[PDB]
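Peer 1: Here you go, one structure.
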Amino acid sequence: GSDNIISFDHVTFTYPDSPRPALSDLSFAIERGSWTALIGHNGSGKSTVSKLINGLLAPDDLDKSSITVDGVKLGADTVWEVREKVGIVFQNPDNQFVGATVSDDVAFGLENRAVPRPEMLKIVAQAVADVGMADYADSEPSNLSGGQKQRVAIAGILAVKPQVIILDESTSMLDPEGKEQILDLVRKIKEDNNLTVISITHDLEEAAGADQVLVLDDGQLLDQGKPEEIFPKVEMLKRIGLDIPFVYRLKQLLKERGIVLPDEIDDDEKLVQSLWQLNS
Amino acid sequence: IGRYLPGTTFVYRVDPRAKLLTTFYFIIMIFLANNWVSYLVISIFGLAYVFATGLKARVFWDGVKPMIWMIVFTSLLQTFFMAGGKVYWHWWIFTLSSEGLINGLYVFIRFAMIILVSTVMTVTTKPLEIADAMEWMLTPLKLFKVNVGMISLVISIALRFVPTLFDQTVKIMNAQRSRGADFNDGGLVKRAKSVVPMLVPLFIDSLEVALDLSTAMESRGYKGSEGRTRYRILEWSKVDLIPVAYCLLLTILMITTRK
Amino acid sequence: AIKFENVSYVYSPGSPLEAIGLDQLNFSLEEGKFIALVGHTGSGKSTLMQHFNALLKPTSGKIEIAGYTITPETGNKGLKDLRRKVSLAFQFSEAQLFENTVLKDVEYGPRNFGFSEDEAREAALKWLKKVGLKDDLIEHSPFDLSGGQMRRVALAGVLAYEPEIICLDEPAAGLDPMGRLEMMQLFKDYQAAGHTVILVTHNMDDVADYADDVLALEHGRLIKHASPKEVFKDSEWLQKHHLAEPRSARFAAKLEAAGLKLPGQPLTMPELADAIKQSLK
Amino acid sequence: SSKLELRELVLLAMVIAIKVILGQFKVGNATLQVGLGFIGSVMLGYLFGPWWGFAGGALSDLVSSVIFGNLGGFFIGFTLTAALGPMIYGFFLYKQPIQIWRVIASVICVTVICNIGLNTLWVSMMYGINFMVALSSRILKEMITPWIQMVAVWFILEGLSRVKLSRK
Ligand SMILES: Nc1ncnc2c1ncn2[C@@H]1O[C@H](COP(=O)(O)OP(=O)(O)NP(=O)(O)O)[C@@H](O)[C@H]1O
Ligand SMILES: Nc1ncnc2c1ncn2[C@@H]1O[C@H](COP(=O)(O)OP(=O)(O)NP(=O)(O)O)[C@@H](O)[C@H]1O
């Protein structure tokens, strides 16, 4: 069914300080086995969501508050058991890295769970193998590109076999080639193990390929659901603090000079074949 | 920017906690004794080990170079210990003697043999191994009042973030220089007060990684030190006997000649 | 008046393991035009950045910039005045800042170049508005700010003394799209204001849409120096020396391959809109 | 609990890494070098207190020892002295205000008590008197440097590092 929901609840940091830091009532949910992006301006509260789901942070009602992830209500105890169904890949690998080799870092969580080493070895090999990091497996963090550092981050969480992979702006500053691969990595990873990928990104061109997106602004969500219906929000969406993708701006910049607009229509090959049709 | 390790390609340099413990044992073997022949047996053994490695001698100079002044300063000044000593004439008190200047060759060999085994350790092995070497020296004292989980953990984190703090230091250096920061230059005050723009942004960057690392740690399931397993796992293999040979063979005869 | 005369660079010289940042760079750049710098990662593009403010000096050849000339010999004597002309805001400028307030931190730059207190006070606000944030927080401490504002005041502190040549590595690398087309606007507005702009970013969307010069780099070597057209047009070329087409050039090439050939030179989206009316024409 | 915890502890790991790096470099002028490792020592004092301080210096010598020389070793006891410096910085500075009486009395003692006595006691490994004279030979620095150190420490500590402690 549905994998994760956040019911009526609110949150603050650091602890309750002055003016009103928070997300909002929220009233938000996501389906099992579906890639879902979460977008908002800088300081819209996108990080908190990931740490809330994670359990590192707690909401400020606790009566009204229900965050349940695959059948656990979060809430003080049970937090390590909800922490085993979710995993998080933070942006900027350097600070998120721990351990000597890469084969050292990706078995960290594994020894957190007191897994015997003879098994630990096998898993960790397959883990780095899965992320393509195979023969860099004795190298230390400093030698690695921040891109392939974030491959080691993946193999880190891929090792403990989570049902939800959160990407928190993991792709942020990488190569174009390097940002291409990491998503195509986790996107490969997804189909294999049948997981849920919660992406967080400022890149709107890769939000178009989400199953469901949802927008968050200043405290709260405004619109949510299938990318098809969310991106057409045009003008308001611009003032909202984020922007248009390329295909949709292509739609826009076509119409600005008058040209036809059949819409949604959100793809590449579906455009390209539609392009043959419009040429007629 | 690594140091030192011309450890490339030759034989040994194996089993660090064996090797480390040896150099710790050799230190205290020198410390012990004595007037004659004891100083002979440890000095020859120390020399045996350094070319057993097959190491270029030139590297040993690197460690003694700052101390050279300190050697010959204390050595000859030990001789001229105002009487003091000892056996011969030539001449005063207050002056050289055949006994006085032998003692001054002993401080030379001890200071050498300290900075030989100290060198032979700090070069032939690798830092992450040495960290697991002196984790072993800590192993016994656990059930005394010290939690070894924590003083093992902070070392591990420290080491890893030493270079990545160094590079973010020079990034701040150059980032400030580009903005017109000039240092050192100046004199006394402001030479000085010009150091803070490289410090506090280095300090606050430490918090950013402190939070991020602790955050990313807990989320991967870090409950505490108690109740884990380990990935790394050093092993003794067959060469192990060679440092125990050095250890037990030298120092039974060194102890008999001690007195 | 940027000129690089057979300029290489080698790391760790007189030492074993000398890695080469730059190999025989020869090129010259227009005064007051948007000059993009791109390559794969570990190209040596950030090395090149701190070359012409002379944080590093060439190990070969000559660099004539800002009416100075930078030899392998040139010392650390007069570089002070070289840097009021040329300026760098490194990849993360948020980590560049300090003291008790925003205002005194930006003026720190001009103050170091010998601006009067009055001059530095007015020059402070002059560029703290230009970076569009904000009336009230101008007197706030720099440390409580958001990542949007933290990488502003830094970029103000670099711009406050009005560098003639400005080179910024990945200044928008962490921002949101409201930020980019905000920050990328000021770079272009400073440009037509009569100042040179070097900008180094992987982003090929704003490299085509903004930049005039692009000079690619690979393994320390200069592979191409041109308009973002000459270099961008050859498709499989960009594969060979690892680079990538912008968003427009990617989709057009595909619709073209099976489809119609428009007259572009696609670059920015407005021109793309031009190119697809001619399709029916 | 024991005292501190993760995120308190990951910080302790990042501020030792400072003082192994700091103690590597010296500034310094044509007149005198006055190497700066000491800022690392004082930080561990007033933040993490006296008793974690002692645990900081002891480890900071073990940390440097792997990536650098120790100029000898191991000793053990060099580490013992590297330890005691940050500790008595902990006193006068932890759960304590910013005051001119606390800083200078602390700087002068570090040189004389631990730096002198212990450095006067470690290359000892022999009889004591040959030792004192090698250090008696070296004293000038311990006369000059502590005084520039008190000026320097006031410019770091009250000098916006402690004022920027919070927040955060
Ligand atoms: N102590 C704190 N811990 C965490 N967040 C804090 C704290 N204090 C304030 N905040 C706010 O938390 C918000 C989280 O927003 P955030 O998700 O960081 O947006 P962002 O700029 O895109 N950075 P991020 O998404 O994490 O990569 C920010 O607006 C901060 O102002
Ligand atoms: N301190 C150093 N010593 C030796 N080689 C270095 C050093 N710093 C960098 N290099 C080398 O020089 C090149 C650095 O290129 P550089 O442009 O700085 O990185 P980049 O990722 O391509 N650009 P950027 O992302 O803006 O930092 C690489 O080939 C490095 O191996």
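Quick note: numbers on chain C are straight from Swiss-Prot, i.e. 2-282, in order.
Cβ from N, Cα, C; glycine included.
Under the heading ATP binding site, Swiss-Prot lists C:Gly40, C:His41, C:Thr42, C:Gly43, C:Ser44, C:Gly45, C:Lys46, C:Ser47. Annotated domain 'ABC transporter' per Swiss-Prot: C:3-245, in sequence order, evidence recorded as sequence analysis.
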Peer 1: If the criterion is a C-beta within less than 6 angstroms of any ligand 2 atom, which of the binding-site residues C:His41, C:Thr42, C:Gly43 pass it? List them in sequence order.
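Peer 2: The qualifying binding-site residues are C:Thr42, C:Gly43.
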Peer 1: Check each of the binding-site residues C:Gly40, C:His41, C:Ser44, C:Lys46, C:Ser47 and report back the ones whose Cβ is under 8 Å from some Cβ of chain A.
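Peer 2: So the ones by chain A are C:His41.
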Peer 1: Select from C:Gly40, C:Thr42, C:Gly43, C:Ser44, C:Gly45, C:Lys46 the binding-site residues whose C-beta atom falls under 8 Å of at least one C-beta in chain B, and return them in sequence order or as 'none'.
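Peer 2: Qualifying residues, whose Cβ lies under 8 Å from chain B: none.
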Peer 1: Excluding C:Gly40, C:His41, C:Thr42, C:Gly43, C:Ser44, C:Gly45, C:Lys46, C:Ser47, which residues of the same chain place their Cβ within 8 Å of the centroid of the Cβ atoms of the recorded ATP site?
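Peer 2: Counting only non-site residues, the set is C:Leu218.
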Peer 1: When DSSP states are folded down to helix, strand and coil, where does C:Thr42 (ATP binding site) land?
Peer 2: coil
Peer 1: What residue among the binding-site residues C:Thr42, C:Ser44, C:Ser47 has the most other CB atoms lying within 10 A of its CB?
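Peer 2: Answer returned by the neighbour count: C:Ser44.
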Peer 1: When a 10 Å sphere is centred on the Cβ of C:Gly45 (ATP binding site), how many other Cβ atoms does it contain?
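Peer 2: Excluding its own Cβ, C:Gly45 (ATP binding site) sees 23 Cβ atoms within 10 Å.
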Peer 1: Among all protein chains shown, how many Cβ atoms are found within 10 Å of the Cβ of C:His41 (ATP binding site), not counting that one?
Peer 2: 20
Peer 1: Which residues, sitting 6 or more apart from C:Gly40 (ATP binding site) on the same chain, put a CB under 8 Å from its CB?
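Peer 2: Result: C:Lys46, C:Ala217, C:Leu218, C:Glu219, C:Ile224, C:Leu244.
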